[PDB]
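A.B. asks: Using only what follows, build the 3D model:
(chains A and B, ligands or ions: 5)
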Amino acid sequence: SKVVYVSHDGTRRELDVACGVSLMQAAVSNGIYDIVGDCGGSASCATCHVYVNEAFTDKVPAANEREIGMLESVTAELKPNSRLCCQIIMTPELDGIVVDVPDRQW
Amino acid sequence: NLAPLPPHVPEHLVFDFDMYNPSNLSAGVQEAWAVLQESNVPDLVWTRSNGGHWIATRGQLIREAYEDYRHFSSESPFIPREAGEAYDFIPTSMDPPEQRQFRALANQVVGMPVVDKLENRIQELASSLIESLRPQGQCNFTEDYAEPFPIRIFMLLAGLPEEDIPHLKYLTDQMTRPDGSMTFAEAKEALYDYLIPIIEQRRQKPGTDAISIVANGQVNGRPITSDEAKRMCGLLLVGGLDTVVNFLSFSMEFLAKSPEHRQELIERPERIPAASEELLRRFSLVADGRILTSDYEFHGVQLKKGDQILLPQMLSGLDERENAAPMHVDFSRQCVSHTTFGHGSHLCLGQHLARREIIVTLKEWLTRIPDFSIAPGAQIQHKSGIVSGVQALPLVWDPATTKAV
Ligand code: HEM
Ligand SMILES: CC1(C)[C@H]2CC(=O)[C@]1(C)C[C@H]2O
Ligand SMILES: CC1(C)[C@@H]2CC[C@@]1(C)C(=O)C2
Ligand code: FES
Ligand SMILES: [Ca+2]
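C.D. replies: Numbering: from 1, shown residues only, chains lettered A, B, ... in the order given. Ligands and ions are numbered 1, 2, ... in the order given. Here you go, the structure:
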């Protein structure tokens, strides 16, 4: 399946992401440097923050308590569609999913 | 040797395990630790050894505890407690929010973007070392490659001169493989003393090396102090040495005994990254932990404030509930789960550098020396602790089977 990562500056990168792989992992594996992924994907650092395009927000499983707690301390603007992309696990239902990457993580 | 059972620990949760001397060590260290995961052993046990402490034996618990720094603090992460007495490296002992400040700065030094551009030098360093060993038909991999590789990578990263390596080797060896000739605190102090004038010089004449970036950084909304800078620069060094030396040694010990696995990576080099993740799972080597901040019931067990709990990174990947046939090395393993770099906010900040070191070593070794074995009559001895390891690894090969590239 495909994920599209839109950088703060509007640059768009399209990745092939396998089932079961997190959107943070795919970003970090392929040089999407505006996703840091510092804690390695356990909703412990908030450096994999993204804005999920509203076309997909009713397709992605909802954020759990932990993710909601961790999201409180993102350094870019917290938005209704803010997610930690380490918590978004690719599946065929999400093919085409677009996420926007904020201008900061740390 | 064996501490008294505290009044809150029930005798049925008691288990015999010394993490510095596990019984079946000769089978290999990971094997010796897997006794904690035998059929009827509880997910959470107490050992009388090493001052007395808890051990979470299963990946599910280990991960959970690492994700809860409010109950499980890093303020005292080492067993025995006295082992971290003079230990003050940053940010090992911090919880968020402060620990995050330091991690942000460290990420500028060893983050993915930095490793990616560092790769050509890493390859050159690995290739040089390997090509210098190749004609000999023998080495002690631990001293001849495993040790010099990561410390040279550090000198490069930190803009330091090669002539300084013997001194730094000596100090970090004293901290990690003490001689009796010097205490840990003396060796630590001497490392910081080497660092701190370089720190201060580069705060005023900045460069693009790691020490300059750390020296000029901000934490907590103000400049990093020289003291904080030296204490983190110290760990960027120490953090990258023993773990890498020992992990590469376990891997190469394995490959030396597994001609089919070698042949797999020779015939299909593109499998080396996947193979490397499976070796990190199988040969996981770290075991530290946390301290209870308050009385807390966890998975049905009453833990008390001040209890130490070992949360061994090593065990998660060996846990048969997480990986079927955990002792089997399968480079095609579908869902490789481990916590070899740790878990939670403290997960190894050097993980990307480590992986590149592993991947480059395996590709650059196998390309030149595809065929190798343990020296005949060599007794390969593991050691167990917070970072478990291999004492020595005598390898041998026929130079007729090697190739310079
Ligand atoms: C196979 C190689 C390595 C392994 C298995 C490994 C494993 C680990 C683990 C398990 C932790 C967490 C311990 C805890 O939670 O208390 C850690 C932390 C750390 N590692 Fe690594 N590491 C490796 C390589 C490296 C390298 C190459 C570097 C730097 C050049 C490095 C630097 C650090 C630092 C500074 C920390 C402290 C992070 C913090 O406390 O937030 N490590 N490592
Ligand atoms: C437990 C550790 C892995 C961590 C703190 C230590 O001293 C280590 C042994 C090296 C460092 O990275
Ligand atoms: C064993 C260690 C890796 C860790 C850092 C220094 C060390 C020697 C300790 O006693 C704690
Ligand atoms: S990678 Fe740390 S919260 Fe997502
Ligand atoms: Ca001094």
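A.B. asks: Skip the chain neighbours and tell me the closest residue to the residue positioned nearest the centre of chain A.
C.D. replies: The centroid of chain A falls nearest to residue A:85 when counting by Cα atoms, centre = their mean (2.6 Å). Of all residues not flanking residue A:85 in the chain, residue A:23 sits nearest, at 3.9 Å (Cβ to Cβ, 6 or more residues apart in numbering or on different chains). All C-beta spots, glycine's among them, are computed from the backbone N, C-alpha and C.
A.B. asks: quick revisit: thinking the residue nearest to the centre of chain A is in contact with residue A:46, fair?
C.D. replies: No. When contacts are counted by Cβ atoms under 8 Å, residue A:85 is not listed as touching residue A:46 (10.7 Å).
A.B. asks: sec struct for the residue lying closest to residue A:40 once chain neighbours are set aside, please.
C.D. replies: Nearest residue to residue A:40, sequence neighbours excluded (Cβ to Cβ, 6+ apart): residue B:347, at 4.1 Å. Following DSSP: H, G, I helix; E, B strand; the rest coil, residue B:347 is assigned to coil.
A.B. asks: What distance do you get for residue B:347 to ligand 4?
C.D. replies: From residue B:347 across to ligand 4, the span is 8 Å (Cβ to the nearest ligand atom, to the nearest Å).
A.B. asks: Could you do residue B:73 as well?
C.D. replies: For residue B:73 relative to ligand 4 (Cβ to the nearest ligand atom), the value is 19 Å.
A.B. asks: need the strands for the chain, in chain order.
C.D. replies: Since no chain was named, I'll use chain A. A:2-6, A:12-16, A:49-52, A:82-84, A:97-100 (DSSP state E).
A.B. asks: wait, chain B
C.D. replies: Counting by DSSP E, the strands of chain B are B:44-47, B:53-56, B:72-73, B:138-140, B:218-219, B:222-223, B:289-292, B:296-298, B:301-303, B:308-310, B:373-374, B:382-383, B:389-390, B:394-396.
A.B. asks: Single out the most deeply packed of those strands.
C.D. replies: Greatest average neighbour count among those goes to strand B:53-56 (a mean of 26), per mean count of other Cβ atoms under 10 Å in any protein chain shown.
A.B. asks: Could you export that strand as CSV, CA atoms only?
C.D. replies: Only the C-alpha atoms of strand B:53-56 are listed here, as CSV (Å, rounded to 0.1, in the frame of the first residue of the first chain):
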residue,chain,number,x,y,z
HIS,B,53,15.5,-7.3,43.3
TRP,B,54,12.6,-8.1,41.1
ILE,B,55,13.0,-9.5,37.6
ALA,B,56,10.3,-9.2,34.9
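A.B. asks: rewinding a little: got the contact list for the residue nearest to residue A:85?
C.D. replies: The contact partners of residue A:23, taken as Cβ atoms under 8 Å, 6 or more residues apart in numbering or on different chains, are A:3, A:5, A:17, A:48, A:50, A:85, A:86, A:88, A:90, A:97, A:99.
A.B. asks: ok, how many other residues are close to the nearest residue to the fourth one once chain neighbours are set aside?
C.D. replies: Taking Cβ to Cβ, 6+ apart, and ignoring the residues beside it in sequence, residue A:48 has residue A:24 as its nearest neighbour in space, at 3.8 Å. Around residue A:24 there are 25 other residues, counting by other Cβ atoms under 10 Å in any protein chain shown.
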